[PDB]
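Reading through the structure tokens given below for one structure.
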Amino acid sequence: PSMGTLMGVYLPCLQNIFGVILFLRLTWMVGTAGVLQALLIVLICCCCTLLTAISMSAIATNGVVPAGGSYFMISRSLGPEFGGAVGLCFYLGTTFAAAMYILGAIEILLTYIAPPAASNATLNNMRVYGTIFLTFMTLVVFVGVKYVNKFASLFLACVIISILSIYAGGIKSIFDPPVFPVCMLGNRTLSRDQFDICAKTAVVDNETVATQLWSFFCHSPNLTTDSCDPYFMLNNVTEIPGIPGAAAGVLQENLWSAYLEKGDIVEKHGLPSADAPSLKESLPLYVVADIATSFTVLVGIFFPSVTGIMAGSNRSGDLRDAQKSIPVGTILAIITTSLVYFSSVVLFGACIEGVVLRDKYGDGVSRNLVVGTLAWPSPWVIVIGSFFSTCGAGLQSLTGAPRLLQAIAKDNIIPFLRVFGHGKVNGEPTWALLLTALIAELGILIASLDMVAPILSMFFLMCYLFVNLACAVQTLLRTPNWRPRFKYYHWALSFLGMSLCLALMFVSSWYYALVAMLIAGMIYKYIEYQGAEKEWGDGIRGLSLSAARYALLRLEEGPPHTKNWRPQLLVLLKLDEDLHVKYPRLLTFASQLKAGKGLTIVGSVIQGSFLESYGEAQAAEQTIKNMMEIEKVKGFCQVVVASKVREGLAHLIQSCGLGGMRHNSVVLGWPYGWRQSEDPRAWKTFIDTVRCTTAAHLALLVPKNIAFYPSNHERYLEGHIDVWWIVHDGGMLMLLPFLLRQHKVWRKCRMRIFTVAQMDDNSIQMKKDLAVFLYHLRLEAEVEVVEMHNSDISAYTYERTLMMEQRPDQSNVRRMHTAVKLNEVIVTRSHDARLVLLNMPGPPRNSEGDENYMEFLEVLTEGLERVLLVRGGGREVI
Amino acid sequence: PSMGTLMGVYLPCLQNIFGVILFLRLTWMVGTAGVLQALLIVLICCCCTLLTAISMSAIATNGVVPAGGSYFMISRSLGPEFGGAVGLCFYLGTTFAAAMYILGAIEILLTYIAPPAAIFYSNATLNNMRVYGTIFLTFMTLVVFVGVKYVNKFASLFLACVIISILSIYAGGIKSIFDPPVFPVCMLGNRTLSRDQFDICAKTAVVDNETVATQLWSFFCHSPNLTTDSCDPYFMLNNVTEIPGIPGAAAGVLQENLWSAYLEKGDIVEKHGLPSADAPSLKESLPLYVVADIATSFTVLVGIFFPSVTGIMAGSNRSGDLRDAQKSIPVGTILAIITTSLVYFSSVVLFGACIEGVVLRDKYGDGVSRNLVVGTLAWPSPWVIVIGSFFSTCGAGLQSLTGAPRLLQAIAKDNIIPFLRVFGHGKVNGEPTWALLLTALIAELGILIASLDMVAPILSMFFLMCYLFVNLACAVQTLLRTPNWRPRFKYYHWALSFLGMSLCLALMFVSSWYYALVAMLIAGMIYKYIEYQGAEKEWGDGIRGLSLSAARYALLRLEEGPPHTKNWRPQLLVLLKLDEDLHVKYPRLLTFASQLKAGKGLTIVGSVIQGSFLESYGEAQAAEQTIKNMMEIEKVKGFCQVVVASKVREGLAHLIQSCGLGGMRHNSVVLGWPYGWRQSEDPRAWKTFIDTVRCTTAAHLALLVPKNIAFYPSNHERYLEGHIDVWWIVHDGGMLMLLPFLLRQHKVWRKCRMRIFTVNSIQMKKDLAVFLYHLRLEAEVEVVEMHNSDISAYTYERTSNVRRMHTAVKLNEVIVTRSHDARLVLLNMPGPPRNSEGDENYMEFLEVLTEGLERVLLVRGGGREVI
Ligand SMILES: *[C@@H]1O[C@H](CO)[C@@H](O[C@@H]2O[C@H](CO)[C@@H](O[C@@H]3O[C@H](CO)[C@@H](O)[C@H](O)[C@@H]3O)[C@H](O)[C@H]2NC(C)=O)[C@H](O)[C@H]1NC(C)=O
Ligand SMILES: *[C@@H]1O[C@H](CO)[C@@H](O[C@@H]2O[C@H](CO)[C@@H](O[C@@H]3O[C@H](CO)[C@@H](O)[C@H](O)[C@@H]3O)[C@H](O)[C@H]2NC(C)=O)[C@H](O)[C@H]1NC(C)=O
Ligand SMILES: *[C@@H]1O[C@H](CO)[C@@H](O)[C@H](O)[C@H]1NC(C)=O
Ligand SMILES: *[C@@H]1O[C@H](CO)[C@@H](O)[C@H](O)[C@H]1NC(C)=O
């Protein structure tokens, strides 16, 4: 299967756009509203269709295009929810379009072709004949689809012959127009059907005698009477030509709006008329305005003539290269249609009188097609041409709606219409054709183009709005599988299309638009619920699971680094031998530092064997959940059963979360009684966990002396948090006290920034820097710099220099002494502090100097009531 | 601090509801719309407010009540997004209410109290309104700036004025019933003349023993002589009557003014039911008939009258100083609503039944001698209602001017919206500083319209937006079972709040659809902006933060509730085994998982890497990228976990039991087959396989062991001829039947024939068929003989080493003679032994059982599978 762009995309879209709306209701629309407002309407109705076509192309290019049709692409590229929603609005639009074309064919048959074989009598004739035609067309569609697909070329040929004849007639009008006298009464419009000739008196047998017009206007058959209406005798009777040759005075004439009312009379603005009363037996003698005309009504009546851009991408499977052949073809069809309407609007407006355009049924002329009056060969070619075009459009719509319904039914998206997929032995639908025919009858029972057209418009506008909105949303949030290759495509275009087509959908009828939107929302949510129930198993719980998975998948792609740094903690609790939380203050501290917003996972390892201790794990999980609910901290809880607690801690540290929902901080407690007991396990386990959390580039929070930390009911009134930032990790060391004081427990503790990084430098510049940095934070904490020394900070400087370059025992003995001098300073100037935060030095590289490192950490925090040590990970930015 | 229900909630709400609409625009509404439609209007405007009061009570009952005010409760109980959105609509409503009350005070000053002080003296009335409203707005802002304390002291007086006014109205009516007042209104045929100009309504009067033309004649006929015939035909053709304007209460008037009489702009107020002979008229007479001022309809009347019943959120405004709020707020608010509704109903009926249908339609009381139309019936004098309404309007304006900037200051100090942080810079006392100025500017921009009949709909739009948002939030949070939302109200049900949302939305669209669209877009923009700011504050990114927050919210909500699903769908964990060069050994497992899930569900891909964590981080990260790429190729959407353990066996276990977050857990482990276990000299592989098998059966997980993974098809291949074989032996029938269906759901197995072979036979077949009806597979069922002795191994393991092999070899014989040419064979395997040493024999069994079959997949049930 391989065919080019032309015979695969261009000709079908053109054949679907040229409909009956042009002939039957273009001239009337142009004359009633003028040339300006008509051109503006055409432009407004082409822009929405252009933005929808661009979005449709952006959809049709990303990835491969499914070979099924025009509904499979939408579904595959926008999800089952959207695809299901789009298919149904399109189905309803198609069945009402078939109905409307049947109405057009009936109207053209009973009014101009042959009126003998026929207020509300006309409506009843329309109903009866439309029902008969619908029956016959449904039967034909049942038996003879092959012949329709055979004869489909003829309908386009007829349309082209008709348009060629119209333009040829115009070009012949410019230099030699036809003759079609329309009769006048002052500034009124007479129906030429009854009268033989329009003249008050005629000369018969050497003398004047009253004409049929007289006898119809005056009840007296003798001229010598004075009991007639004043308007007839007061004004004249003229015979102006109806087809004035092309000129700039006529296009100047019919240039301003002429919106009439229901029942008014078609009047020729620009003739002398002296008003007077009139009888009530004369109204059947003037031409009358049939329906109330406005701007929104004309929008609604014209819109079904620019629809069908989804009909071009309808033989997608039998295409050579669809990605490059569908969009260009569709847009070329749009451009051709827009230019044909513009040129025809201007030619009609500028070539025909402003009073004969308003005869919806061609009353001024002797019951002819008003647009058929200007046609070179004869007015009989356009009538037959439009008749065959209407029949063909009806047949093709009745062929193409049931196929869409059958596809949607066999896709098993909406469950209650599975039966509509019981196709024939060949695949042709059976109980979808019946539903379509019944809805078409329900539409025919209205029997008026001016009321069927807005419903059709609502369905199509809803479909287009949905396509555009889906495209824009999927582009904004970076949907995982959505990458279009179109060059001139940008989500701003789809947004503008949504706005314009929404404005149209609301101009026609706000309440109808609300009903359509509610139907669409109901079907969308119902599809979503059914999909959730089918993938997972539950309705409500299934919805939540699906939302979670969607969010995680979308978060997967993209740069995995955030411009800011906020602590997301993982609290490593240590369960007792009796399965009790040893330090229930860690949970309290986590709740005070997070305040219930963010991610907080709470892991714990249970020594033993997994094969025989599963119930223990479940019990411990419930226990931790209860204890965690009490302290009011909202988080998940993981429990693993390892053989040795060390490897359990490792597996917990490096594997907790799903993709992007990872922790970036490990808060572990302090080992108490490590030197007291003879078992040296404690400090080696602690140091091993420290080394394992520093090699994964994670932050570290080691709250020392956890038994003295406040509870949530406690409150502090006087006190000041103390920060003792030594060299590095300034960002997190400044971000912690702020997030802490944001809680009511530390609601008003004064912050004091103590800095010890003299390094033979000046504090004046560092004070200005700290203050300006604090200005953005707005903490405004007092900054004081203590007189620091290089030899005093030697322990930290060694590591700092090594870190800068990257960007033992001799040193350790010195480190202990520096640790004790620093401890002396801090305990003499910050003893009475409420909470003290200072950054700790990194663990040694040598696996044996760990005891000295522990002695350093113990002699450093000697005397301080409450001290929290934080170690940076190195990837923190702010 | 402790004060009761009455003086803490009831009276403030009453003071906020009874407003100026009642006096200035009730009679006009009743006369224009009739009695019936008036009752309907009152009912419609009371129902939306009643449902909103019920939802507000449900909010005020869950948990403890914040002591701050009326905005803190909403925030704490509905989240920062909703609470922030509500605050702005309520703020705008309050400032426009200040504007409307000022307009009411100006209108009452220029029309009844003193008409000479009309400086401008059409558009002159509008310009006078503009100037005087500006002067008052300035003066009231300054007063509110300096003297809040005296306002808080004198606030009771305004309520005293309102109550005395209403009591006087009813006293006047009751006096009307048996002895009415006198207020003659003059008539011309069936029109209504303005009684201000004429001295007396009579065509001719007798002066000095003779008749002379009266002032009415000179106004209608410009000639001062009776002997003239150059006047309009309407004056001479019709009569001049003087009907009483206040007929005492009776059933004849309520019978008259009972149907709607919507006029048009410029029409004439006509008394239906009087003799009138029509005739043309001049154009210099229009200044002498009373005229309808604006076009009247039904929707217009709803829009103008809705502000009267607003203010139910002002009752829960001294929340901190309350004795027991949970039992005192709802009952107080609802009693205030009921009292207001009954007062309106009784007053509507009283007006309908006491006043003529022609004097109700003079919006400014022209038929009567420029009096307050409602003041005609009042016992002491019509002077009590005028002064009463003046003081009431000034007091309500003052309190709105006091209560709006305070709310803005609260929102600014809550630090939700960042660009209005400056508005929290209160004075030394707490009185707002740059919030009062902004409020005064908005009030001026509202005054520039200078017409109650045009300001009222804007006020209504904002208040309706607030109520709709409250109701919708309550209903949704009750439906989705948010974790921290449990209301204690007795008569509360999410259907009621939903119905309230529907009704108040209907109102919002009846009044003016376009305004409703603008309000909804403002609300949506602020809602999404608050959500974005919350994301920026918790996580760090705007978009990535939004996604993280959505994920966390979904997981937390899914946490609570029954942890068992009615259905069972496989959620796989594919255990890949990386090579020494960090390449996927069997990339066909990922293909098989993608075929079994079809891209919908959860699929985690774990793998263990032997070594030490301290020195092997980069290898793990590189392997993570490798697995992600290989998984992207096969088109399977899933997450990837890699852990670095010491001994692989141990790492596996930890991978099996800890993967996921809370409720997003796996329930099926698909591991490959150990190849070369007996051929390999070392016995390390089977020792690992058996350990993973034993560990995954003790966690109650299903098990899928695809054997011979090197012959499984890829995605590009297609099958035309073949038949899947299922060999369900004893147990695990549900999942053994659900697997082939989910498999054939993919295009690769799109049309492979399914054959069910099952080791009373009619009863069993009937059961399989009835079960198959729901599934709809309709696959052919073939039941081979069932020997208990042959299957003894499965029965004995569920509920002799030499015998094991004999049964396995007979079963292998049967399967290979009746299913050798099968495409895919699925059969359930027996459980591994409890003894840790018979693993070699167990492996020999498993090897000799599936001997000859090209492709065989073995499934073992977990035991908690339902379908
Ligand atoms: C066709 O002829 C009739 C009668 O001559 C035109 O009637 C229009 O409307 C009324 C009579 O129905 C007259 O207009 C009056 O004009 C004054 C001056 O502004 C205005 O104050 C009145 O309210 C009324 O509009 C007059 O006969 C004529 N007026 C206009 C502006 O057309 C009718 O318009 C004619 N139709 C055409 C010319 O298309
Ligand atoms: C006050 O008197 C005026 C003038 O008489 C009333 O206006 C006109 O009243 C007459 C008599 O009711 C109406 O005539 C009726 O017209 C309708 C069709 O419009 C016809 O079906 C009836 O059989 C009858 O002929 C006339 O329409 C009406 N309006 C005008 C412009 O003449 C006025 O209605 C009286 N007040 C009230 C409250 O009725
Ligand atoms: C009617 O036509 C006659 C014939 O020319 C003309 O004289 C007369 O003025 C016309 N009347 C009007 C009202 O134009
Ligand atoms: C005016 O009133 C007199 C008083 O009886 C009455 O006779 C006359 O008919 C009235 N005029 C009309 C037009 O009814």
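Labels used: A, B, ... for chains in the order of the structure tokens, numbers from 1 for residues in each chain, and numbers from 1 for ligands as shown.
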Where does DSSP see helix (DSSP H, G or I) in stretch 570-818 of chain B, if you list the residues as a count of residues only? 113
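Near residue B:340, within a cut-off of 10 Å and counting only C-alpha atoms, sit the residues residues 14, 17, 18, 46, 308, 309, 334, 335 and 345 of chain B, with same-chain residues fewer than 5 positions away left out.
Atom to atom, atom CA of residue B:458 and atom CA of residue B:446 stand 9.4 Å apart.
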Considering only C-alpha atoms, extract the chain A residues located within 7 Å of chain B and return them as JSON, numbers by chain. {"A": [535, 536, 537, 538, 541, 544, 547, 548, 551, 552, 555, 562, 563, 564, 565, 566, 597, 598, 611, 636, 637, 640, 651, 654, 655, 657, 658, 659, 692, 695]}
Write the residues of the selection above to a file with N, CA, C and O atoms, as a CSV table (one decimal), in the first residue's frame.
chain,number,residue,atom,x,y,z
A,535,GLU,N,-6.6,-2.2,35.5
A,535,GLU,CA,-5.1,-2.5,35.7
A,535,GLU,C,-4.8,-3.1,37.1
A,535,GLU,O,-4.1,-4.0,37.2
A,536,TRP,N,-5.4,-2.4,38.1
A,536,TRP,CA,-4.9,-2.8,39.5
A,536,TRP,C,-5.9,-3.7,40.2
A,536,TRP,O,-5.5,-4.7,40.7
A,537,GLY,N,-7.2,-3.3,40.3
A,537,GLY,CA,-8.2,-4.2,40.9
A,537,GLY,C,-9.2,-3.4,41.7
A,537,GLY,O,-10.3,-3.9,41.9
A,538,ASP,N,-8.9,-2.2,42.2
A,538,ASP,CA,-9.9,-1.4,43.0
A,538,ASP,C,-10.2,-0.1,42.3
A,538,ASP,O,-9.5,0.3,41.4
A,541,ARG,N,-8.8,3.0,45.4
A,541,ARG,CA,-7.4,2.7,45.5
A,541,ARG,C,-6.7,2.5,44.2
A,541,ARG,O,-5.5,2.9,44.1
A,544,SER,N,-5.7,6.1,42.9
A,544,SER,CA,-4.5,6.6,43.6
A,544,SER,C,-3.2,5.9,43.1
A,544,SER,O,-2.2,6.6,42.9
A,547,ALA,N,-2.4,7.3,39.7
A,547,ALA,CA,-1.8,8.7,39.8
A,547,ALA,C,-0.4,8.7,40.3
A,547,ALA,O,0.5,9.4,39.7
A,548,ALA,N,-0.1,7.9,41.3
A,548,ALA,CA,1.2,7.8,41.8
A,548,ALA,C,2.2,7.3,40.7
A,548,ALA,O,3.3,7.9,40.6
A,551,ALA,N,2.9,10.0,38.1
A,551,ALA,CA,3.8,11.1,38.6
A,551,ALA,C,5.2,10.6,38.7
A,551,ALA,O,6.1,11.3,38.2
A,552,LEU,N,5.5,9.4,39.2
A,552,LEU,CA,6.8,8.9,39.3
A,552,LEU,C,7.5,8.8,37.9
A,552,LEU,O,8.6,9.2,37.7
A,555,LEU,N,8.4,12.1,36.6
A,555,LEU,CA,9.6,12.6,37.2
A,555,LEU,C,10.9,11.9,36.9
A,555,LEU,O,11.9,12.5,37.1
A,562,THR,N,18.3,19.3,41.9
A,562,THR,CA,17.4,20.5,42.2
A,562,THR,C,18.3,21.7,42.5
A,562,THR,O,19.3,21.6,43.1
A,563,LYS,N,17.8,22.8,42.0
A,563,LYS,CA,18.6,24.1,42.2
A,563,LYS,C,18.7,24.5,43.7
A,563,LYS,O,19.6,25.2,44.0
A,564,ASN,N,17.8,24.0,44.5
A,564,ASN,CA,17.8,24.2,45.9
A,564,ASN,C,18.1,22.9,46.7
A,564,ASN,O,18.0,21.8,46.1
A,565,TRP,N,18.3,23.0,48.0
A,565,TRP,CA,18.6,21.9,48.8
A,565,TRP,C,17.7,21.9,50.0
A,565,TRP,O,17.9,22.8,50.9
A,566,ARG,N,16.8,21.0,50.2
A,566,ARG,CA,16.0,20.8,51.4
A,566,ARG,C,16.2,19.5,52.0
A,566,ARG,O,16.2,18.5,51.3
A,597,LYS,N,5.8,18.2,56.3
A,597,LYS,CA,5.8,18.5,54.9
A,597,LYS,C,7.1,18.1,54.3
A,597,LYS,O,8.2,18.6,54.7
A,598,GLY,N,7.1,17.2,53.3
A,598,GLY,CA,8.3,16.7,52.7
A,598,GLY,C,8.2,15.2,52.7
A,598,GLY,O,7.1,14.6,53.0
A,611,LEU,N,14.0,-16.3,56.7
A,611,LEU,CA,13.2,-17.5,56.4
A,611,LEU,C,12.2,-17.8,57.5
A,611,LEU,O,11.1,-18.2,57.2
A,636,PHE,N,6.3,6.9,55.6
A,636,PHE,CA,6.3,5.5,55.3
A,636,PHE,C,7.2,4.8,56.2
A,636,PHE,O,8.1,5.4,56.8
A,637,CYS,N,7.1,3.5,56.2
A,637,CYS,CA,7.9,2.7,57.2
A,637,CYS,C,8.4,1.4,56.5
A,637,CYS,O,7.6,0.6,56.1
A,640,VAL,N,13.5,-4.3,57.3
A,640,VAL,CA,14.2,-5.4,56.6
A,640,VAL,C,14.7,-6.3,57.7
A,640,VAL,O,15.0,-5.9,58.8
A,651,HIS,N,22.3,-1.8,53.0
A,651,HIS,CA,21.2,-2.0,52.0
A,651,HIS,C,20.1,-1.0,52.3
A,651,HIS,O,19.4,-0.6,51.3
A,654,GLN,N,21.4,2.6,50.9
A,654,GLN,CA,21.5,2.8,49.4
A,654,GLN,C,20.3,2.4,48.6
A,654,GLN,O,20.2,2.7,47.4
A,655,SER,N,19.2,1.9,49.3
A,655,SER,CA,18.0,1.5,48.5
A,655,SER,C,16.8,1.8,49.4
A,655,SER,O,16.3,1.0,50.1
A,657,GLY,N,13.2,4.1,48.4
A,657,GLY,CA,12.6,5.1,47.5
A,657,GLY,C,12.3,4.4,46.2
A,657,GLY,O,12.6,3.3,46.0
A,658,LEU,N,11.7,5.2,45.3
A,658,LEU,CA,11.4,4.7,44.0
A,658,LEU,C,11.8,5.8,42.9
A,658,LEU,O,11.0,6.7,42.7
A,659,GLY,N,12.9,5.6,42.3
A,659,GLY,CA,13.3,6.6,41.3
A,659,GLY,C,13.7,7.9,41.8
A,659,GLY,O,14.8,8.0,42.5
A,692,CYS,N,29.9,4.8,55.4
A,692,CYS,CA,29.0,4.4,54.4
A,692,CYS,C,28.1,5.5,53.9
A,692,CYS,O,27.7,5.5,52.8
A,695,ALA,N,30.3,8.2,51.8
A,695,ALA,CA,30.7,7.8,50.4
A,695,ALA,C,29.6,7.7,49.4
A,695,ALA,O,29.9,7.5,48.2
Quick one, how far is atom CA of residue A:591 from atom CA of residue A:633? 5.2 Å
Contacts to ligand 4 at 10 Å cut-off (only C-alpha atoms and all ligand atoms) as a count of residues only: 13
Site check for ligand 3: residues at most 7 Å away, only C-alpha atoms and all ligand atoms, as a list in words: residues 234, 235, 236, 272, 273 and 274 of chain A
Would you write out those residues with N, CA and C atoms, as a PDB file, in the first residue's frame?
ATOM      1  N   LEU A 234     -50.283  55.075  -3.066  1.00  0.00           N
ATOM      2  CA  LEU A 234     -49.391  56.193  -2.788  1.00  0.00           C
ATOM      3  C   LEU A 234     -48.032  56.046  -3.461  1.00  0.00           C
ATOM      4  N   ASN A 235     -47.554  54.829  -3.658  1.00  0.00           N
ATOM      5  CA  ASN A 235     -46.239  54.596  -4.234  1.00  0.00           C
ATOM      6  C   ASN A 235     -46.377  53.987  -5.626  1.00  0.00           C
ATOM      7  N   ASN A 236     -45.242  53.793  -6.284  1.00  0.00           N
ATOM      8  CA  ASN A 236     -45.215  53.304  -7.650  1.00  0.00           C
ATOM      9  C   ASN A 236     -44.905  51.812  -7.699  1.00  0.00           C
ATOM     10  N   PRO A 272     -37.418  56.146  -2.750  1.00  0.00           N
ATOM     11  CA  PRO A 272     -38.397  57.013  -2.084  1.00  0.00           C
ATOM     12  C   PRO A 272     -39.639  56.226  -1.691  1.00  0.00           C
ATOM     13  N   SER A 273     -40.033  56.358  -0.428  1.00  0.00           N
ATOM     14  CA  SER A 273     -41.186  55.640   0.106  1.00  0.00           C
ATOM     15  C   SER A 273     -41.914  56.533   1.097  1.00  0.00           C
ATOM     16  N   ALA A 274     -43.193  56.789   0.835  1.00  0.00           N
ATOM     17  CA  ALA A 274     -44.051  57.556   1.733  1.00  0.00           C
ATOM     18  C   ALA A 274     -44.941  56.591   2.506  1.00  0.00           C
TER      19      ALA A 274
END
Using only C-alpha atoms, which protein or nucleic acid residues come within 9 Å of residue B:728? Drop anything in the same chain fewer than 6 positions from it, and give the result as a ChimeraX atom specification. /B:736-737,756-759,826-828
